[PDB]
C-alpha cells in the first residue's frame, strides 16, 4: 500500500518535572528544574551526586505491587507512560483491531539497577540467589512485551536501543510501520532508569557528567560557556501514533501530524560528534526532505542540547548549515536545561514537548543560558518561554556510535 499519513492521538510521560504530561509541561513552561541531590543511594564516593529523579512515582497507580516487584524501574516507567498514552488516545482495543496495534518502546541500557542488584546477589551470596525474573524483568524489549500482554496488542512488537537516540528512533520507525501499512496504531517512545552505581559511576568514569554538586539546578546549561557535561535523568515518554484515516474514522483528538523522520550516522567517533555537526546536518536534511518542506518552514527546534562542550556547539553548527539565514528566525531550545538527560527516553519526552509546543504555540526555554558561548548567537529562548507562531517543530537526538535521529511534527487542522 501507498505511504499513509501518521498523527499523534495520545501521549504519556514520567519526568523529573512530573508524573504525567500536563504536570511536566507546566514545569517546562515555568522554567522549573527537576534536578536535585539523589536520595535513593549513598553517592559520597561519586564525583556526581545529583540528577533528575522521578519524584513520588507510585507504580500501584498502574500495576499490582506483586507484578511490579518483578520489573526493573525502566519497565515500570515505560508501562506507566504507555498506559497514560493509550488512555489519552481513547483507543478501544478489540478483536477487530488488536492485530493492527503494536508497540516500540525502547531504552538506551534497560534494567541496569536490576542487573546491579542481581550482580550483588551473585557475588556476595551466589547464583542460587539470582531472581527467577532477572531476564524478563531486565531486558529492553519487555516494555513492548508487558504492554502487549496487558493490553492484548498483537501488532509489531519490538524495541530499539540506539543509546541517547532511542526515543526519537523508536517514534520514527513506529511511524514508518504505520506509513507502510504494517500497523494502523503504534505505542512508541522510550524509558530509562540508569541512576544506580554503574550508571553514575560509568558516565562519571567517562567524565561525561556535570560535577556541579554545589548547584544541581544550574548544572544543565546547554550552550552556556561554563557547561561541564550532561545531567543524568530518569523517566519515560510514550506516544500513540495512528494512521490519519484510522484516527479520523473514530473521531480521535489529533495533537499534531508526524510528517518527517531522518536518520544518519556520523561515522566519526564512539562518543563525540564532529565539530561541524555534519551527521546532525545530514539527519535534519533527510527529515526535512522526508516531510516535503522548505527549511524556512521550521519555527521551533527542540535541540538534543545535552550541556556538553563538544555536543552543544556541533548542534549550532548543524542548524547553521541546514537553515542558513533562517537559523536566525527559528527558535531553538534545550528542555534538558530543566529535565536533564533522560538518555533513551530523552527523544520520547522531547517529542512530546515538541507536540505541545505546536498545541500551545510556545517555545520552551533553555534555562541557565547566562553566557551563550562563542558562535551560540541563535534565538536559544534563554531563561523564559517564548509565545510564538510554530507550524513545524523539529526534535533532534544524537547518540553514542554517532547515531542521529530527527522528527518533524506539524500542526494538524
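Positions refer to the first chain, counted from 1. For clarity, a rigid core is taken as the largest C-alpha set superposing within 1.5 Å between two forms.
Larger root-mean-square CA separation from the shown form, computed after a rigid core fit of the structures in 4 other deposited structures of this protein, is seen for 121-129 when 121-129 is set against 234-242.
Rigid core superposition in 4 other deposited structures of this protein puts the Cα atoms of one stretch, out of 343-351 and 64-72, farther from the shown form on average, and that stretch is 64-72. Stretches 86-94 and 169-177 differ in mean CA B factor, with 86-94 having the higher one. Mean CA temperature factor is higher for 119-127 when stretches 219-227 and 119-127 are set side by side in the entry. You'll see in the entry that, of 284, 310, 338, 163, the Cα B factor peaks at 310. Of the candidates 145, 137, 108, 202, it is 202 whose Cα B-factor is highest according to the PDB record.
Sort the chain's modelled residues by C-alpha temperature factor and residue 50 lands in the middle third, per the entry. The PDB entry assigns residue 305 a C-alpha temperature factor belonging to the middle third of its chain's modelled residues. Sorting the modelled residues of the chain by their CA temperature factor places residue 355 in the lowest third.
The deposited CA B-factor of residue 100 belongs to the middle third of values across its chain. Among all modelled residues in this chain, the alpha-carbon of residue 347 has a temperature factor (C-alpha) in the lowest third.
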